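A.B. asks: my complex, first installment, coordinates as in the assembly:
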Amino acid sequence: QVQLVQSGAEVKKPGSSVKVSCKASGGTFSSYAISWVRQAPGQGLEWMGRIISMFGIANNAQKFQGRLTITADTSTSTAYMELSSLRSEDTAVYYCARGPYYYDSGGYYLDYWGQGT
Amino acid sequence: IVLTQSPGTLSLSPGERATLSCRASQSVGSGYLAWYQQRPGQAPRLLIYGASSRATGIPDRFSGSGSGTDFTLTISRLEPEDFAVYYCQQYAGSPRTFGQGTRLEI
Amino acid sequence: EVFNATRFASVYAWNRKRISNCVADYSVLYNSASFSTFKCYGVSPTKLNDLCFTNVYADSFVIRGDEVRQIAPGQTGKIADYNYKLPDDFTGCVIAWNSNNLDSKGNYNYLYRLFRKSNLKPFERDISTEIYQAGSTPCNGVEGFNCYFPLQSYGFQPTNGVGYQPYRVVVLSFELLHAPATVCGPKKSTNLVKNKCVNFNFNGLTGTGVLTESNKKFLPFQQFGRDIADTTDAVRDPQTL
């Protein structure tokens, strides 16, 4: 049902910028706190950003603060991430995250993830 | 904050009662943990949220407990297809931090 | 365009619309029976037709079953205080009607924003998201009891119960002052008769007097004269100057 399309594997030159997509198909979109996570090969997963779709505002994780600009395009029901200052070691698999941001309904964090890049 | 788990891996034969606990360096809350089960080479899947509020679509066999600084996840009856990676995940505030993972081998 | 409008705004961002330079038929509003609650405070419901009002503002938002009584002056409530406060001396009519036919199809569109605005002066909009601010010393996460997201939203399902059943409400805000009256009712008017004891109502002033030409010269902007006792003595004829 819900899924985010996998990309073709990427290798990038140091110093460039990479754009990674995240598709949402099915279900009731724009009520979820779509976010952004990644996991390096052989290391645990690390969070980068959080997006409240209605007001389209995002925050960046401390470790990655100042390097990531994240936006969500409600019209195409997609979530976009922009990463600059790419290096040699940065080639890796990149994930996508989501879940409703509603309080007094418990929740706040849920799954509803896809497969990767 | 670092969410220190117990232990890195518990080597259990099928049917064992596996308590994959997870302990926090400072208090977080009793409706403030979540656990995700990552299938091999895939993306993790939520099973229990808010420390004890069982996520819908998951069997009762999985059951989380604990509060404050010490939390516990229990798997009551291991079956052969349950070997997989499990992650604890702080749920209160701050940047999301995920546990180091437990790999179940034969 | 504002009352029978295709789209209604949310309680989070209730739209405020200017209405000017238009003769207003309040009869079709009163006689039409589609309106569930039509309780009025500043004006009679029946006599909403004859009188003139300088400026009419229409406020649009959608409420549950409880708010129909909650949205009133001097009443206290979650949405009443935290979201949209009605002034205690509000002069106007609160209008509400059914919304099952248009809304509640799952229709998740509406949002209401609870705990963030502890105090709001009347007729004020808070468009700032401000994710936290519930109160505690730590911050930057929600954590527990320390903070929580104010912007909660309504969930309307085709299975919504009568108690949580949604209703559409439009509040017309009449500001009663002395200024050029943009809106008045559908009554044609007789010509001018002078030097005769005539019951008169000019721009909705009302009263009884003898109309005579006045040698006193208004400054061009001024409209209504007055006395030492603060009663109307000089008027500018609206149609002809």
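C.D. replies: Happy to help now that I have it. Residues are numbered from 1 along each chain as shown, chains lettered A, B, ... in the order given.
A.B. asks: Every contact and neighbour count from this point should use C-alpha atoms.
C.D. replies: Noted.
A.B. asks: Which parts of the chain are strands?
C.D. replies: By default, I'm working from chain A. In chain A, the strands defined using DSSP state E lie at A:18-20, A:35-39, A:45-52, A:57-60, A:68-73, A:78-83.
A.B. asks: The chain in question should be chain B.
C.D. replies: B:3-5, B:18-19, B:22-24, B:33-38, B:44-49, B:53-54, B:62-67, B:70-75, B:85-90, B:102-103.
A.B. asks: circling back to that earlier point, what's the closest of the strands of chain A to residue C:171?
C.D. replies: strand A:45-52 (30.2 Å; CA to CA).
A.B. asks: touching chain C at all, that closest one?
C.D. replies: No - shown here: strand A:45-52 not in contact with chain C (CA under 8 Å from any CA of the partner chain), separated by at least 9.8 Å.
A.B. asks: still on that earlier bit, between the strands of chain B, which one is closest to residue A:34.
C.D. replies: Residue A:34 lies closest, by CA to CA, to one member of the strands of chain B: strand B:44-49, at 15.4 Å.
A.B. asks: That closest one - contacts with which helices or strands?
C.D. replies: strand B:33-38, strand B:62-67 (3 or more CA pairs under 8 Å, 6 or more residues apart in numbering or on different chains; DSSP states H and E).
A.B. asks: re earlier: got TSV for the strands of chain B, with mean neighbour count too?
C.D. replies: Below are the strands of chain B laid out as TSV (neighbours: other CA atoms under 10 Å in any protein chain shown):
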stretch	mean neighbour count
strand B:3-5	19
strand B:18-19	18
strand B:22-24	21
strand B:33-38	24
strand B:44-49	23
strand B:53-54	18
strand B:62-67	19
strand B:70-75	20
strand B:85-90	23
strand B:102-103	19
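A.B. asks: want to throw those strands into TSV with distance to residue A:70?
C.D. replies: Output for the strands of chain B, formatted as TSV (distance: least, CA to CA, whole Å):
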stretch	distance to residue A:70
strand B:3-5	27
strand B:18-19	38
strand B:22-24	30
strand B:33-38	25
strand B:44-49	22
strand B:53-54	31
strand B:62-67	34
strand B:70-75	33
strand B:85-90	23
strand B:102-103	31
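A.B. asks: Adding distance to residue B:106, write the helices and strands packed on strand B:44-49 out as CSV.
C.D. replies: Formatted as CSV, the helices and strands packed on strand B:44-49 follow (distance: least, CA to CA, whole Å):
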stretch, distance to residue B:106
strand B:33-38, 17
strand B:62-67, 20
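A.B. asks: can you add chain D next? sequence is:
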Amino acid sequence: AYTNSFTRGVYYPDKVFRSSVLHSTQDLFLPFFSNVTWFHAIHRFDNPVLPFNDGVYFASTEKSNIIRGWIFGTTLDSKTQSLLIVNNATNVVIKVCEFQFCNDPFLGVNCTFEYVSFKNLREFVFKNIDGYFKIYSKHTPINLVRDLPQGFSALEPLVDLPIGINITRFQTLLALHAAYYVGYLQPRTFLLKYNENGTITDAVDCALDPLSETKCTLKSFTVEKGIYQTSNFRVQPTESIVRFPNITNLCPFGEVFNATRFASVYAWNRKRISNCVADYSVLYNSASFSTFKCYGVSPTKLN
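C.D. replies: This next block brings in chain D, placed alongside the chains you saw above:
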């Protein structure tokens, strides 16, 4: 640089005509005998932004209409609503449309209603009330080239405009190949003297000096010999004492309220609360409570 107005800042407050009536009103006003800020921008001597605060008094001396614009903006960058007033050669055009403005706008020698149309002194008071922006104007011929004459001028309300903004800053637009006055309105009471014909010949302040409080209380410009009571002396409290007793015990309200069992109505249990510190903020904050109607005490203030 600073100088005093000596008279200026009196405008028609309400939408009426009054003949020979001494009527006292409370509204934002430029105080009598107060500093009005004085600037130059000639020869490069550019013009700064100013703190709008509650109100502004603006006075311009221009020979070749160098002053051409006014802005009342918070951030000035298309994020928030910005008004433009410009008066070019024969047309007075008023656009309160959302515009992208350059940071330094100069002339070389999202939108609601739109309006189109030293020997001389032009005085403008720009004010926004009740979501309405009202512009006051007055043109007066003067021979005192140096500074403001000690004369009384009344500014008529020209037009009324529905802008509705969070105004905080102010700037003036100038031609590039003057002196402009700035003061801040504060709530004060004026006693206005209308003539027979209604021109505002003279006005007296109500807080300016002990003669003025007497003039306002007597409600006349001329005050005869004698003693007059005008107001009340009052020492204002400075500090605040919040002395309460200190008790360790907490409220058993939580245990009673979330108790498993409550007694029946025919025999309702009576529970005594004493010798404990009780917080009613928790009770207000919880949203599970369907009904909170309170009679003796207002619900917000119980705690």
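A.B. asks: What's the local residue count around residue C:44?
C.D. replies: 12 (other CA atoms under 10 Å in any protein chain shown).
A.B. asks: Kindly apply the preceding question to residue C:46 instead.
C.D. replies: Neighbours of residue C:46 (other CA under 10 Å): 12.
A.B. asks: Quickly note the distance from the residue most central in space within chain C to chain D.
C.D. replies: A centroid search over chain C (CA atoms, centre = their mean) returns residue C:173, at 2.1 Å, as the residue closest to the centre. Distance check for residue C:173 against chain D: by CA to the nearest CA, to the nearest Å, it reads 13 Å.
A.B. asks: contacting residues for residue 30?
C.D. replies: I went with chain A, as the question did not name one. A:53-54, A:74, A:77 (CA atoms under 8 Å, 6 or more residues apart in numbering or on different chains).
A.B. asks: oops, I was thinking of chain D
C.D. replies: By CA under 8 Å, 6+ apart, residue D:30 lies in contact with D:8-10, D:57, D:183-186.
A.B. asks: what about it, distance to chain B?
C.D. replies: 50 Å.
A.B. asks: Alongside chain B, which residues does chain A contribute?
C.D. replies: So chain A meets chain B at A:44-47, A:61-62, A:95, A:106-107, A:109-116 (CA under 8 Å from any CA).
A.B. asks: show me what contacts the closest residue to residue B:46 other than its chain neighbours?
C.D. replies: Distances taken as CA to CA, 6 or more residues apart in numbering or on different chains place residue B:36 nearest to residue B:46, at 4.2 Å, with adjacent residues excluded. Residues counted as contacts of residue B:36 (CA under 8 Å, 6+ apart) are B:44-48, B:86-89.
A.B. asks: coming back round to it: need the buried ones from the residues of chain A next to chain B selected in ChimeraX.
C.D. replies: This is the ChimeraX syntax for the buried subset of the residues of chain A next to chain B, where burial follows 16 or more other CA atoms under 10 Å in any protein chain shown:
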select /A:45,46,47,61,95,107,109,110,111,112,113,114,115,116
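A.B. asks: ok, back up a step: for the residue nearest to residue B:46, which residues count as its bridge partners?
C.D. replies: residue B:46, residue B:87 (DSSP bridges).
A.B. asks: build in chain E:
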Amino acid sequence: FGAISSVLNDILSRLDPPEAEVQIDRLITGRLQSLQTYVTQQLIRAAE
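C.D. replies: One more chain to add, chain E, which I have set with the ones above:
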């Protein structure tokens, strides 16, 4: 005097009898009290 509008004609134009009575009873109480003060002033002064 603690009513919606000080002008009596305004009250008659805007509000209908069921709440109008409460409004006018406010005007009658205030204005009449002021009249009572004024008359007692006049009566005492006329005695003087």
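A.B. asks: back to the neighbour count of residue C:46, now that we've got chain E?
C.D. replies: 15.
A.B. asks: Okay, the residue nearest the centre of chain A and chain C: tell me how far apart.
C.D. replies: The geometric centre of chain A, computed from its C-alpha atoms, lies nearest to residue A:36 (CA atoms, centre = their mean), at 2.6 Å. For residue A:36, the distance to chain C equals 17 Å [CA to the nearest CA].
A.B. asks: so what's that residue bridging to?
C.D. replies: Taking DSSP bridges, one finds residue A:49 as the beta-bridge partners of residue A:36.
A.B. asks: Return the backbone torsion pair for residue D:135.
C.D. replies: Main-chain dihedrals, residue D:135, degrees, to the nearest 10: phi -110, psi 130.
A.B. asks: Ok, residue C:80 next?
C.D. replies: phi -60, psi -40.
A.B. asks: Now do it against chain D, distance only.
C.D. replies: 13 Å.
A.B. asks: Leaving out chain neighbours, which residue sits closest to residue 40?
C.D. replies: With no chain named, the answer covers chain A. residue A:92 is the one closest to residue A:40 (CA to CA, 6+ apart), at 5.8 Å.
A.B. asks: sorry, should have said chain D
C.D. replies: Distances taken as CA to CA, 6+ apart put residue D:179 closest to residue D:40, at 4.9 Å, once the chain neighbours are dropped.
A.B. asks: Can you give me every residue that contacts the one you found?
C.D. replies: So residue D:179 contacts D:38-41, D:60-61 (CA under 8 Å, 6+ apart).
A.B. asks: Tell me, how many residues neighbour the closest residue to residue D:105 other than its chain neighbours?
C.D. replies: Nearest residue to residue D:105 in three dimensions, chain neighbours excluded: residue D:173, at 7.0 Å (CA to CA, 6+ apart). Using other CA under 10 Å, residue D:173 has 18 neighbouring residues.
A.B. asks: who are the neighbours in contact with residue D:173?
C.D. replies: D:66-70, D:105-106.
A.B. asks: cool, and residue B:2?
C.D. replies: Residue B:2 sits in contact with B:24-25, B:97, where contact means CA under 8 Å, 6+ apart.
A.B. asks: how about the helix ranked longest in chain E, does it reach chain C?
C.D. replies: Taking DSSP state H as the criterion, chain E has its longest helix at helix E:17-47. No - on the criterion CA under 8 Å from any CA, helix E:17-47 is out of touch with chain C, staying 9.1 Å away.
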